[PDB]
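Heads up, structure37.cif below (mmCIF, C-alpha atoms and all ligand atoms):
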```cif
data_entry
loop_
_atom_site.group_PDB
_atom_site.id
_atom_site.type_symbol
_atom_site.label_atom_id
_atom_site.label_comp_id
_atom_site.auth_asym_id
_atom_site.auth_seq_id
_atom_site.Cartn_x
_atom_site.Cartn_y
_atom_site.Cartn_z
ATOM 1 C CA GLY J 1 0.949 -13.083 30.354
ATOM 2 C CA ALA J 2 -0.605 -9.830 29.212
ATOM 3 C CA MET J 3 -1.154 -8.834 25.603
ATOM 4 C CA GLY J 4 0.765 -5.844 24.248
ATOM 5 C CA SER J 5 -0.935 -2.466 23.827
ATOM 6 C CA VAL J 6 -1.415 -2.736 20.051
ATOM 7 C CA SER J 7 -4.449 -1.169 18.341
ATOM 8 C CA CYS J 8 -5.745 -1.558 14.796
ATOM 9 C CA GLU J 9 -4.391 1.213 12.554
ATOM 10 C CA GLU J 10 -7.654 1.419 10.634
ATOM 11 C CA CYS J 11 -10.257 1.698 13.389
ATOM 12 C CA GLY J 12 -8.114 2.638 16.387
ATOM 13 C CA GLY J 13 -9.535 -0.258 18.362
ATOM 14 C CA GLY J 14 -7.708 -2.806 20.496
ATOM 15 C CA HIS J 15 -10.706 -5.135 20.711
ATOM 16 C CA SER J 16 -11.112 -8.511 18.957
ATOM 17 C CA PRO J 17 -7.483 -9.419 19.620
ATOM 18 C CA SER J 18 -7.814 -12.869 18.021
ATOM 19 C CA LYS J 19 -8.505 -11.101 14.709
ATOM 20 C CA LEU J 20 -5.997 -8.267 15.109
ATOM 21 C CA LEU J 21 -3.218 -9.215 12.669
ATOM 22 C CA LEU J 22 0.346 -7.984 13.102
ATOM 23 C CA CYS J 23 2.371 -7.325 9.946
ATOM 24 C CA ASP J 24 5.624 -9.298 9.736
ATOM 25 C CA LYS J 25 7.551 -6.271 8.547
ATOM 26 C CA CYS J 26 6.151 -2.980 9.907
ATOM 27 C CA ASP J 27 4.492 -4.701 12.918
ATOM 28 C CA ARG J 28 1.422 -2.471 12.671
ATOM 29 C CA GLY J 29 -1.881 -4.132 13.538
ATOM 30 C CA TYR J 30 -4.940 -4.601 11.315
ATOM 31 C CA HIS J 31 -8.218 -6.352 12.132
ATOM 32 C CA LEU J 32 -9.177 -9.046 9.606
ATOM 33 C CA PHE J 33 -12.406 -7.130 9.132
ATOM 34 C CA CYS J 34 -10.683 -3.726 8.685
ATOM 35 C CA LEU J 35 -8.396 -4.854 5.889
ATOM 36 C CA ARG J 36 -9.479 -4.197 2.309
ATOM 37 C CA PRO J 37 -9.634 -6.695 0.758
ATOM 38 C CA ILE J 38 -11.207 -8.321 3.809
ATOM 39 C CA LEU J 39 -9.623 -11.490 5.257
ATOM 40 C CA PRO J 40 -11.999 -14.151 6.597
ATOM 41 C CA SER J 41 -9.539 -15.832 8.987
ATOM 42 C CA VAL J 42 -6.009 -15.582 10.353
ATOM 43 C CA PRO J 43 -3.610 -16.541 7.517
ATOM 44 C CA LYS J 44 -1.238 -19.492 7.908
ATOM 45 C CA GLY J 45 2.460 -18.642 7.942
ATOM 46 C CA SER J 46 4.093 -15.226 7.833
ATOM 47 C CA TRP J 47 1.850 -12.334 6.797
ATOM 48 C CA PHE J 48 2.575 -8.892 5.329
ATOM 49 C CA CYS J 49 0.265 -5.885 5.039
ATOM 50 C CA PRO J 50 -0.167 -4.071 1.686
ATOM 51 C CA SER J 51 2.651 -1.599 2.409
ATOM 52 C CA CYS J 52 5.108 -4.384 3.198
ATOM 53 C CA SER J 53 4.229 -7.248 0.880
ATOM 54 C CA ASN J 54 6.637 -6.049 -1.823
ATOM 55 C CA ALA K 1 0.419 -15.241 11.330
ATOM 56 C CA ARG K 2 0.761 -13.334 14.604
ATOM 57 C CA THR K 3 -2.145 -11.549 16.320
ATOM 58 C CA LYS K 4 -2.609 -9.343 19.374
ATOM 59 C CA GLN K 5 -4.025 -12.464 21.043
ATOM 60 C CA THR K 6 -0.944 -14.596 20.417
ATOM 61 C CA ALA K 7 1.508 -11.755 21.100
ATOM 62 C CA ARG K 8 2.047 -12.456 24.777
ATOM 63 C CA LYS K 9 4.214 -14.517 27.070
ATOM 64 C CA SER K 10 2.811 -17.789 28.323
ATOM 65 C CA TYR K 11 5.090 -18.983 31.119
HETATM 66 ZN ZN ZN J 101 -9.839 -2.370 13.096
HETATM 67 ZN ZN ZN J 102 3.294 -3.808 7.076
#
```

This structure in structure tokens:
Amino acid sequence: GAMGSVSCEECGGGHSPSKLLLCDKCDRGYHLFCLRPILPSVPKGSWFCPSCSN
Amino acid sequence: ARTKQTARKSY
């Protein structure tokens, strides 16, 4: 089925969907390469963005 | 972790 309409909050882009991480609280999307610090690959297990990791 | 790529239905 189709992907959802999510875009990266940092760059506004919906490209590179295999690297577009969804936060397990706020559900906003962030490309691995738009995060700072940068992530080199999709993390194993549940993942939380900086605003939600607390 | 979930990504835009994985966030879809596969029937
Ligand atoms: Zn981005
Ligand atoms: Zn978050």

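All residues of protein, DNA or RNA that reach within 6 Å of residue 1 in chain J, judged by only C-alpha atoms and not counting those fewer than 3 positions away in the chain, are residues 8, 9 and 10 of chain K.
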
Show me, as a short mmCIF file (atom, residue, chain, number, x, y, z; two decimals) with C-alpha atoms, in the frame of the given file, every residue of chain J with an atom at most 8 Å from chain K, counting only C-alpha atoms.
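Written out: out27.cif:
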```
data_model
loop_
_atom_site.label_atom_id
_atom_site.label_comp_id
_atom_site.auth_asym_id
_atom_site.auth_seq_id
_atom_site.Cartn_x
_atom_site.Cartn_y
_atom_site.Cartn_z
CA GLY J 1 0.95 -13.08 30.35
CA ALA J 2 -0.60 -9.83 29.21
CA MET J 3 -1.15 -8.83 25.60
CA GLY J 4 0.76 -5.84 24.25
CA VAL J 6 -1.42 -2.74 20.05
CA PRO J 17 -7.48 -9.42 19.62
CA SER J 18 -7.81 -12.87 18.02
CA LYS J 19 -8.51 -11.10 14.71
CA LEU J 20 -6.00 -8.27 15.11
CA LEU J 21 -3.22 -9.22 12.67
CA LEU J 22 0.35 -7.98 13.10
CA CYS J 23 2.37 -7.32 9.95
CA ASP J 24 5.62 -9.30 9.74
CA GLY J 29 -1.88 -4.13 13.54
CA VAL J 42 -6.01 -15.58 10.35
CA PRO J 43 -3.61 -16.54 7.52
CA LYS J 44 -1.24 -19.49 7.91
CA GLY J 45 2.46 -18.64 7.94
CA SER J 46 4.09 -15.23 7.83
CA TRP J 47 1.85 -12.33 6.80
#
```

Would you name the residues within 6 Å of ligand ZN 101 (chain J), counting all atoms listed in the file, and put them as a tab-separated table (two decimals) with C-alpha atoms, in the frame of the given file?
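The new file out.tsv reads:
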```
chain	number	residue	atom	x	y	z
J	8	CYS	CA	-5.74	-1.56	14.80
J	10	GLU	CA	-7.65	1.42	10.63
J	11	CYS	CA	-10.26	1.70	13.39
J	13	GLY	CA	-9.54	-0.26	18.36
J	30	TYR	CA	-4.94	-4.60	11.32
J	31	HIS	CA	-8.22	-6.35	12.13
J	34	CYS	CA	-10.68	-3.73	8.68
```

Given the PyMOL selection byres (((not hetatm)) within 7 of (chain J and resi 102)), the residues it picks as a PyMOL selection string: chain J and resi 23-28+48-52
